[PDB]
Each structure stands twice: as C-alpha cells, then as structure tokens.
4 protein chains.
Amino acid sequence: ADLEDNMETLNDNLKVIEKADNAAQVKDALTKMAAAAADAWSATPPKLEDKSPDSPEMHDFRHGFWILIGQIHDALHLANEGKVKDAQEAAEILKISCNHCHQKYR
Amino acid sequence: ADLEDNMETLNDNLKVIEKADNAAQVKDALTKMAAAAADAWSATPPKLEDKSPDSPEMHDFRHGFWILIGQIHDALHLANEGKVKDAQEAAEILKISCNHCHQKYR
Amino acid sequence: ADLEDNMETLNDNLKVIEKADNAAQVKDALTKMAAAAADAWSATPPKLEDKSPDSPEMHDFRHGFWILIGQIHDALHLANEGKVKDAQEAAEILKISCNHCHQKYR
Amino acid sequence: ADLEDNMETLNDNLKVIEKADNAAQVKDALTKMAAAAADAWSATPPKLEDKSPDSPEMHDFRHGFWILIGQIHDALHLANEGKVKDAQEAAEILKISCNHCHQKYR
Ligand code: HEC
Ligand code: HEC
Ligand code: HEC
Ligand code: HEC
Ligand SMILES: [Zn+2]
Ligand SMILES: [Zn+2]
Ligand SMILES: [Zn+2]
Ligand SMILES: [Zn+2]
C-alpha cells in the first residue's frame, strides 16, 4: 500500500482497539497496525521528498515507525497473555507516537 | 520484493557488517537489513502456506522479524554514536536470530 | 534508597528534562532516572504488600519499570547522538508511563 | 547484593532455564535474573574502580545490563504465553550478552 492508505489502516485499527470487547479484537487490530507500519517503512513523506534515504532525516522518520512497532509489540504480548485492558491502555502511548511523527513530518 | 530477495539482502549486508572497517559502512548495511526485514514482514514462507495469517505460527514468524529489527535498532544507535566495534559485534547476535527462524520455518 | 526516595529522583529529573538546554542536562537527568528505576525494581509498594514477588501483580508492577527504563534507554541514545530536542520530547511519553503505574499501584 | 552475588544469581538461573522442563521454573529463573541485573545496575566493576560513575565507560557498562534485561523481558513474555521452548532458546542469546560484557569489563 502507499503511505496514505497505511495511515488509514493505522487510524482505523487504533479506533478498533479503543472500543474492543475482547482479546481477539485487540490482537487483530494490533497485528493489522504492525503490518501497516512495516509496509510504510520505506515511504518518503511529501515534506521529506528532497532528502536522501541515507540522510539523518529519513533515519529519524523510520525511527518513528520502529517506536510505534515496538509499542505494538509489547501491547500484543499483553493481549496474548489475556491482559486486554492493559493492552487497550497502550493506545494512549501509541497515539503520542502518531502525534510526534505527524508534528515533525506531516 | 519477495521473501527470497529480502533474504539475499539480509545475507549480503550481514557479511558487509562482519567485514566492515568504518561506521558509515556498518550504518548503511544495518539500514538495508531493516528495510528488507520490514518488507518481508507480511510474507508467508513456503512451510507456513497452510497456516492462517492469525495463526500462532504466523505471529511467531513475524515475531522473529521484530527481534531482528530490534537488534538492528540498537546496533544502529551504537554505530551512530561512534561505537563501531560494538555495532560490529552485534552481528554475532543478529546471526543467532537468523538461525532460530530458519531452524523453525525455512 | 527506598521507593519514595527513588520516586522523588524520577520526579525531579523528569522536570529537569522538560526545562533543559544542552545534551548534558538531559543526559544527566536520564542517567539518574535509570539508576533510580533500577534501584526501585524490587520494591514492594504499599498496595501490593499482600502479594508475593512471584504473583502476577508483582510482575505487572515490575513490568512498568521495564517500560520506563526502555524509554529512558532510547532517549539516552538520542541525547548521545546530539538529538537533544528529540530526547527532551521523550519526557511526554515517560510521564505516561509514570501515570499508568500510578493509576494501578499508587 | 554485591556484583559477585548478582553474577552468581545470573549464572545459576541461566543454567536453570537451560535445564528446565516446565514453564514455572523458566518464569521464576527469568524473574530472578532481571532482579539481579537491576541490582547490579549501579555496581562499579574492579577494572573500572578508578573511574567516575559518570564516565563513558560506566555508561557503556550499564548499557550491557539494559541489553540483558530487555532480552529477559521478551523471554518472560514468551514463557508467560506458554512458549517454553522459545523462551529457553533465548538463553543462547543471553549468553552472548554475558560474554560481550565480560570481554570488555571483567
Ligand atoms: C512517521 C514516522 C509517522 C507515524 C509514526 C505515523 N504517521 Fe500518520 N502520517 C505520517 C505522514 C508523513 C503523514 C502525511 C501523509 C501525506 O501524504 O502527506 C501521515 C498521515 C496520516 C493520516 C492522514 C490524515 C490526514 O492528515 O488527512 C492519518 C489518518 C494518520 N496519519 C494516522 C496515523 C495514526 C493513527 C498513527 C499512529 C497509530 C500514525 N498516523 C503514525 C507519518 C506518520
Ligand atoms: C524469519 C523470521 C526469518 C528471519 C529472522 C531470517 N530469515 Fe532467512 N529465511 C527465512 C525463510 C522462511 C526462508 C526460506 C524462504 C524460501 O522461500 O524458501 C529464508 C531463507 C534465507 C536464505 C536463502 C534465500 C533463498 O534464496 O532461498 C538466506 C541466504 C537467508 N534466509 C539469510 C538470512 C539472514 C542472513 C538472516 C539474518 C540476518 C535471516 N535470513 C533472517 C526466514 C527468516
Ligand atoms: C510502577 C511501576 C511505577 C512507576 C513506573 C513510577 N512510579 Fe511513581 N510511584 C509508584 C508507587 C507505588 C508509588 C507510591 C509509593 C508509596 O510508598 O506510597 C509512587 C509514588 C510516586 C511519587 C510520590 C512519592 C511520595 O513521596 O509519596 C512521586 C512524586 C512519583 N511516584 C513520581 C514518579 C515519576 C515522575 C515517575 C516517572 C518518571 C514514576 N513515579 C514512575 C509506582 C511507580
Ligand atoms: C556487564 C554489563 C556484565 C553482564 C551483562 C554480565 N556480567 Fe558477569 N560479570 C561482570 C563483571 C564485571 C564481572 C567480574 C566481577 C568481579 O568482581 O570480579 C562478572 C563476573 C561474573 C561471574 C564470576 C563471579 C565471581 O564471583 O567471580 C560470573 C559467574 C558471571 N559474571 C556470570 C554472568 C552471566 C551468566 C551473565 C549473563 C546472564 C553475566 N555474568 C552478565 C559483568 C557482567
Ligand atoms: Zn512487556
Ligand atoms: Zn542501546
Ligand atoms: Zn531508538
Ligand atoms: Zn516479543
């Protein structure tokens, strides 16, 4: 997918997590978010179109996806263990990761 | 890229790190490895073609890529900081992650 | 130090980071926070005195320190790469970890 | 506990994980290891006795404990999920972390 459609997938499943009823719903939403972030890994965002893929700025951009995926990784372990509510609370932390990359690069 | 091509990229660049003599070369190889792993994230390997994408096996498959990318992540900070020899030694750990996934799913 | 002492050290240095210039003020605050969190690792907080250190609740308690230390860990790499602004911005996510533990166990 | 006691705790419990036939012994051993590593956090090893707790060598020393605790963190999630064989294969990776610190600072 392109960067914009992966972002739609991130947003849709972030919402699913916040309103989920059970561990299966949380795990499915987290898995979909991680695959969307991994697929967006090599995207160049519009405001960085002039930057080398080997530059400090593009490493910072990808670093934002590493943070997001790492956060999803931990939440998914929690949901695998049945700590659904703790997994759901990880959405508050994820949201900041969204905001931070958006405020620098969107 | 397909799974086999991402693996060639992982293989080529792990050997680069093992033979490298400067920080820029290690950083460049680490970034290529991470992009290949992120691109391989949603691949289904031949031995899991019968498995549901939500199966435990496919989560465990993707989990091996998270481990690898996480190791690359820390090594890339060490390389960014000048600790070239430490970043280079992280290839010994990287290799164990290669072996573990291969033993299970290759 | 006891838990209350380490919490003050976290609180003071969390404020130092938000109100800092230069990698030095930030690095030094992060280093002290990591040492305080590590020293707190095995503390039994009042609301869990009836739980054994093998209980699920005590694992969930320590797990909140792992999240905190992992965030400090990444912030310190950023500060050591000269990314003082990005390091200072970790303070927002750190505070969320403070609050998530407090809401359950303080 | 002093550094020698925390190292004995790590050595004993790494062997427990290797020999283990059940999840409970793995989880218990990993918990003991994490506590030992957290307690060793602010130790000064003999070869750095003359240096500052703030020295770059001492940051680099502590960094080895973060690597170890992060690896224990993931293996404990796997043990908690009943993936006992996968948690035990994490011991191979832990050992390299033991060796990497010993080669530099023991
Ligand atoms: C960088 C590392 C990012 C992270 C992490 C997240 N997003 Fe993002 N997103 C990013 C950019 C550069 C853009 C701009 C796209 C463009 O073509 O200019 C976006 C865009 C979105 C959108 C589109 C909405 C709009 O502004 O019209 C959405 C809905 C969105 N992003 C959601 C989202 C969520 C929920 C995230 C975290 C879970 C998230 N994004 C992370 C870069 C990055
Ligand atoms: C799972 C999570 C894996 C990780 C981590 C790594 N590899 Fe891998 N590799 C994996 C599979 C399932 C396969 C088989 C793919 C197929 O279609 O048969 C492979 C294969 C390879 C190969 C051979 C590629 C080919 O042309 O057939 C190589 C050279 C290879 N892998 C290298 C490699 C390295 C160096 C890794 C770590 C840095 C690594 N792989 C990780 C699954 C997984
Ligand atoms: C659990 C994993 C915690 C994390 C992470 C943080 N804190 Fe905490 N804090 C915790 C407990 C159980 C308590 C109660 C201690 C008691 O004996 O009652 C506290 C308390 C505090 C306090 C008040 C200390 C006092 O004098 O009573 C402060 C100022 C405080 N905590 C700050 C703080 C900050 C800034 C944190 C993040 C950087 C943080 N705590 C994390 C448990 C946990
Ligand atoms: C640095 C960050 C280290 C990590 C990670 C591990 N160890 Fe270690 N170890 C370290 C030092 C500096 C020393 C010497 C301490 C001294 O005062 O001599 C050690 C020593 C040991 C020992 C011998 C203890 C003794 O009484 O002589 C053992 C058995 C040992 N270490 C085991 C061990 C294991 C199994 C580790 C990984 C799980 C490990 N150590 C990590 C520094 C560091
Ligand atoms: Zn966790
Ligand atoms: Zn690190
Ligand atoms: Zn980082
Ligand atoms: Zn994991």
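Rules of the game
- Residues numbered from 1 in each chain as written, not as in the entry; some residues may be left out.
- Chains lettered and ligands numbered in written order.
- Heavy atoms only, no water.
- Contact = heavy atoms within 4.5 Å.
- Buried area = accessible area lost by both parts, 1.4 Å probe.
- Salt bridge = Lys/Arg side-chain N within 4 Å of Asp/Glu carboxyl O.
- Helix = DSSP H or I, 4+ residues; strand = E, 2+ residues; numbered from the N terminus.
- Nonpolar A, V, L, I, M, F, W, Y, C, P; charged D, E, K, R; others polar.
- Donors = N, O, S within 2.8 Å, 3.2 Å for Na, K, Ca; no water.
- Tetrahedral: all angles 85-135°; square planar, octahedral: opposite > 155°, others 65-115°.
- Least-squares fit on C-alpha atoms.
- Expected span 1.5 Å × (residues − 1).
- Bend = angle between axes of the 7 residues up to and from the residue.
- Buried < 20%, exposed > 50% of the residue type's maximum accessible area, 1.4 Å probe, protein only.
- Near = heavy atom within 4 Å.
- Polar contact = N/O pair within 3.5 Å; in protein donor to acceptor, adjacent residues only side chain to side chain.

- Chain A appears in the PDB entry as artificial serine-dependent beta-lactamase from Escherichia coli.
- Per the PDB record, the entry is named "Artificial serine-dependent beta-lactamase, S2".

1. Digging into the interface of chain A and chain C
As a measure of interface size, the accessible area lost when the parts come together is often cited.
Phase 1 of the analysis: On the chain C side, the residues contacting the 14 residues of chain A number 15 residues.
Phase 2 of the analysis: For the pair chain A and chain C, the two sides together bury roughly 1300 Å², of which 53% comes from carbon and sulfur.
Phase 3 of the analysis: When the buried area of chain A at its contact with chain C is split by residue, A:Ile93, A:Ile96 and A:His100 rank highest and sum to 33% of it.
Phase 4 of the analysis: Counting across the interface, chain A meets chain C through 3 salt bridges.
Phase 5 of the analysis: The residue C:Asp86 makes a salt bridge to A:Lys104 at a minimum N-O spacing of 3.6 Å.
Phase 6 of the analysis: Contributions of two or more residues to the side of chain A that touches chain C are made by α3 (56-80) and α4 (84-105) of chain A.
Phase 7 of the analysis: Counting residues per element, the side of chain A that touches chain C draws most heavily on α4(A), at 8 residues.
Phase 8 of the analysis: Its residues assigned to classes, the side of chain A that touches chain C shows 4 nonpolar, 4 polar and 6 charged.

2. Description of the coordination of the iron atom of ligand 3
Residue and element names in this part refer to chain C.
Phase 1 of the analysis: Summarising the metal site, the iron atom of ligand 3 is bound by the protein donors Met7 (SD) and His102 (NE2), whose distances to it range over 2.1 to 2.5 Å.
Phase 2 of the analysis: Each of the 6 donor atoms bound to the iron atom of ligand 3 contributes to angles spanning 84 to 178°, and the resulting shape is octahedral. A residue pair is termed long-range when its members are at least 10 positions apart, and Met7 in helix α1 (residues 3-18) and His102 in helix α4 (residues 84-105) qualify at 95 residues.

3. Remarks on the relation of the copies chain D and chain B
Phase 1 of the analysis: You can overlay chain D on chain B at an RMSD of 0.4 Å; the transform is a turn of 179° with a shift of 0.2 Å along its axis. What we have between these two chains is a two-fold relation. Taking C-alpha positions as the reference, the residue of chain D nearest the rotation axis is D:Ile93, at 3.3 Å.
Phase 2 of the analysis: The overlap is high: 89% of the interface residues of chain D also sit at the interface in chain B, so the same surface is used on both sides.

4. Some thoughts on helix α4 (residues 84-105) of chain B
Phase 1 of the analysis: For α4(B), which comprises 22 residues, the first-to-last C-alpha distance of 32 Å matches the rise-based estimate of 32 Å (1.5 Å per residue) to within 8%.
Phase 2 of the analysis: If you look at α4(B), its biggest bend is around 25°, right at B:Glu92.

5. Considering the coordination of the zinc ion (ligand 6)
Phase 1 of the analysis: For the zinc ion (ligand 6), every protein donor is listed as B:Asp74 (OD), C:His73 (NE2), C:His77 (NE2) and D:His63 (NE2), and the spread of their distances is 1.8 to 2.2 Å.
Phase 2 of the analysis: Look at B:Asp74 and you get buried, because its relative accessible area is 6%.

6. With respect to the site of ligand 3
Residue and element names in this part refer to chain C.
Phase 1 of the analysis: Taken together, 16 residues form the shell around ligand 3, and within it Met7, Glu8, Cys98, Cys101 and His102 come nearest.
Phase 2 of the analysis: Interatomic distance of 2.8 Å between a side-chain N/O atom of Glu8 and an oxygen atom of ligand 3.
Phase 3 of the analysis: At the level of elements, α1, α3 (56-80) and α4 are the ones that each hand at least two residues to the shell around ligand 3.
Phase 4 of the analysis: Per element, the largest residue contribution to the shell around ligand 3 is 5 residues, and it comes from α1.
Phase 5 of the analysis: Residue composition of the shell around ligand 3, grouped by class: 10 nonpolar, 3 polar and 3 charged.

7. Digging into the side chain of A:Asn13
All names here are of chain A.
Phase 1 of the analysis: With respect to the element layout, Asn13 can be found in helix α1 (residues 3-18).
Phase 2 of the analysis: For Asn13, a relative accessible area of 10% gives the class buried.
Phase 3 of the analysis: Ignoring sequence-local partners within four residues, the contact set of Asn13 consists of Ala29, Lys32 and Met33.

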